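Okay, structure first, notes after.
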Amino acid sequence: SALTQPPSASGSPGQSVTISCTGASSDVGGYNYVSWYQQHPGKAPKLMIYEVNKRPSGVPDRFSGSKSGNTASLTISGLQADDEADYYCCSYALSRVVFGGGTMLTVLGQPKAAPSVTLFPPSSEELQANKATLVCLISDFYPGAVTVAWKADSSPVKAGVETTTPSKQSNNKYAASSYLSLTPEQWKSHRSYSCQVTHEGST
Amino acid sequence: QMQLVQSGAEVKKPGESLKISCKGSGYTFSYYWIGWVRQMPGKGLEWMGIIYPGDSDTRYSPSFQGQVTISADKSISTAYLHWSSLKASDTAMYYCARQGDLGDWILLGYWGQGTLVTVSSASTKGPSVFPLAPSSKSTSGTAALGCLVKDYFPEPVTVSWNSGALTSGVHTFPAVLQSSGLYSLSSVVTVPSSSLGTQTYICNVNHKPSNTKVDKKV
Amino acid sequence: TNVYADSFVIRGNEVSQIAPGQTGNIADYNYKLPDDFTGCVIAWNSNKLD
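Protein chains in written order, with the deposited numbering: chain K, 2 to 9, 11 to 31, 35 to 57, 65 to 72, 74 to 80, 83 to 109, 114 to 222; chain H, 1 to 9, 11 to 30, 35 to 59, 62 to 72, 74 to 111, 112A, 112 to 148, 150 to 226; chain A, 393 to 442.
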């Protein structure tokens, strides 16, 4: 059977945390055929724990495996900045390896502030043809979730809009960018378009 | 020191064959299980199969018994991963793993660098640049300028400023997938409002897949 | 009425000792079978896996 893991994990730096893993298999050889892997954003994974009663050589003692019944667990001695990465558990009992759903780990302690709205109107060169698009950017926010909205002359706009929320930097700070395409005639049909953040209310 | 090297990113149209490689070094490529792992954008790892350099004793995944093939060459110590009629869902990062000096024979203690694969119905088309002039009606405070790039499928498209100058105060945000299959990004720069048009404030866009150079001022 | 599927690994040639009546350190100290044993002895190469 396939493995399962919590959707995401959270905890404050310095405090210990435990990540669960359900679906461990077994065979006539034993019952400790469980391993764990870590993968930072933008690179390949890395083996972290195997044979939960032990661990690979050279791995720091900050990672410790455990298991109880049909559910494995991974314990971290202390959360740190370098612990923000994905974690996956695997089983290798029946001569087969199947990875679980994974999980995202993040650490708290960072201060919250205000997002950064950046609005640019259509360019003077694109309006001369049948192509125009608005640009709105957001950044300088700790939360990893945000949505953008558009409106013109108090009339909301919900057509032809795309937005992403990638990371600005690796220092706990994400960013986002959105666009809104339209024709030059539609631009002059109403007042100047506006951008909305809706990160922490009216913004 | 053991290490594995893989081929660069691969781009093809839907329903086309593809084959990549993964060469290992620092160890005898005779007695170490080799395999490949799938990982779609935002998804977890997915194992597909392993092989033994000593003999072609392939053990594919139950979900990849006929959708992909795995093989390796002992005369050069380089694995291979061939596809047939790539589908839209095949775009994913593929890592080649192998066993270590300890643990089980399917522990996969080591991993590769990864090989990216992407497919799309739209054909390649050079990027279109547009200048993002500052707001002349709200010049109060700090001014903001930039250039908008649009209508480019290739990912390697990048942007620069002043041919490499302006190390600070400049930033380029990643691209976004458009409904038409193309991508679009934007680069901005923040400087004092009194410093508008300091020397040239010119944008610089590069495109290696087609070697198309686009220079435009804002 | 019941079945016991035992399993273990040897160096290949020691299989000659895993049988009723046979002798050797293995059959004498690790895995001894009675005269009334009833079953099958199956083995295969596992140099790549074990």
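Here a beta-carbon is modelled for each residue, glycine too, at the ideal position from N, C-alpha and C.
In the three-state reduction of the DSSP assignment, residue 157/K falls in the strand class.
Taking a cut-off of 8 Å for Cβ pairs, the segment 140 to 150 of chain K and the segment 172 to 183 of chain K do not touch, as fewer than three such pairs fall below it. With 16 or more other Cβ atoms inside 10 Å of its own Cβ, residue 112A/H counts as buried.
Your pair residue 7/K and residue 22/K checks out as a contact, with CB atoms roughly 6 Å apart and the cut at 8 Å. Under the Cβ criterion of 7 Å, residue 194/H is counted among the residues facing chain K. Non-local C-beta neighbours of residue 107/K in its own chain, meaning closer than 6 Å and more than five positions away in sequence, comprise 38, ordered along the chain. Under the three-state reduction of DSSP, residue 409/A is assigned to helix. Look at residue 212/H here: in three-state DSSP terms it is strand. Between residue 155/H and residue 211/H, the gap from beta carbon to beta carbon is short of 7 Å. When DSSP states are grouped into helix, strand and coil, residue 105/H belongs to the strand group.
Within chain H, no C-beta atom comes nearer than 8 Å to that of residue 219/K; the closest sits roughly 21 Å away. At a cut-off of 7 Å between beta carbons, residue 145/K contacts chain H.
Distance from the CA of residue 48/K to the CA of residue 19/K, rounded to the nearest whole angstrom, comes to 24 Å.
Between the segment 394 to 404 of chain A and the segment 207 to 223 of chain H there are fewer than three inter-stretch CB-CB distances shorter than 8 Å, so the stretches are not counted as touching.
In the same chain as residue 154/K, and ignoring 5 residues on each side of it, the C-beta atoms closer than 7 Å to its own belong to 139, 198, in chain order.
Here residue 217/K is not near residue 164/K, since their CB atoms are 7 Å or more apart.
Between residue 15/H and residue 35/H, the gap from beta carbon to beta carbon reaches 7 Å or more. Under the Cβ criterion of 7 Å, residue 57/H is counted among the residues facing chain A. 195/H is the residue among 195/H, 182/H, 115/H, 110/H whose C-alpha sits nearest the C-alpha of residue 139/H.
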